[PDB]
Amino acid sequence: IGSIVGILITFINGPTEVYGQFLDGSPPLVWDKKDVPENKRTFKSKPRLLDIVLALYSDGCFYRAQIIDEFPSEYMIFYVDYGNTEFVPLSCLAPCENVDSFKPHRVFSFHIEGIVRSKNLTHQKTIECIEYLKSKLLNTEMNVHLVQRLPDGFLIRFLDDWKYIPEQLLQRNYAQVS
């Protein structure tokens, strides 16, 4: 039915919130080191705040990122199609062409309905919950029920194949009910 949409989870923002793309069949926006030879690897002007560039992630592949902060020795960057924040130096950055740069940003924020992060969650337990959700949901394609639109993003509810995830979060005291 029409309330069910397909999403790909790319990043775990918190115990009850993940970042992800809507599934529409279009291939991912990522570049091999083989498709970034060094003519395309150096800018005409040193990059700056809010510029949209290619950036090198831990997997050795380039992704679209926006510089959201600048310091003398590092940039702080946000991957616009994946939603994780990193710190990089200029050597990790490559100019991104306007045809690829103009494509809309694919990352959005989804909240699991009916649960929130536990108030008593310690720093360590928070890290551990993030790792559990990474083990289950990271880079996973699945249909979900788009319950609602929010100012932040979307409120989704899991279907029968993934409805155990909020149950486990409640069971493991990573989450409480809203």
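When you see a residue number, it is the position in the sequence shown, counting from 1.
**Student:** On mean Cα temperature factor in this entry, is 96-104 or 75-83 the higher one?
**Tutor:** Per the PDB entry, the higher value belongs to 96-104.
**Student:** Quick one: higher average CA temperature factor, 135-143 or 34-42?
**Tutor:** Comparing 34-42 with 135-143, the higher average CA B-factor belongs to 34-42.
**Student:** Lowest, middle or highest third of the chain for the C-alpha temperature factor of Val5?
**Tutor:** Lowest third.
**Student:** Going by the CA temperature factor in the PDB record, which third of the chain does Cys61 belong to: lowest, middle or highest?
**Tutor:** It belongs to the highest third of the chain when residues are ordered by C-alpha B-factor.
**Student:** Could you say whether, by C-alpha temperature factor, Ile165 belongs to the lowest, middle or highest third of its chain?
**Tutor:** Middle third by C-alpha B-factor.
**Student:** Going by what the PDB entry lists, where does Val116 fall on CA B-factor within its chain: lowest, middle or highest third?
**Tutor:** It belongs to the highest third of the chain when residues are ordered by C-alpha B-factor.
**Student:** Looking at the entry's B-factor column for C-alpha atoms only, identify whether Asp51 ranks in the lowest, middle or highest third of its chain.
**Tutor:** For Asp51, the deposited C-alpha B-factor lands in the lowest third.
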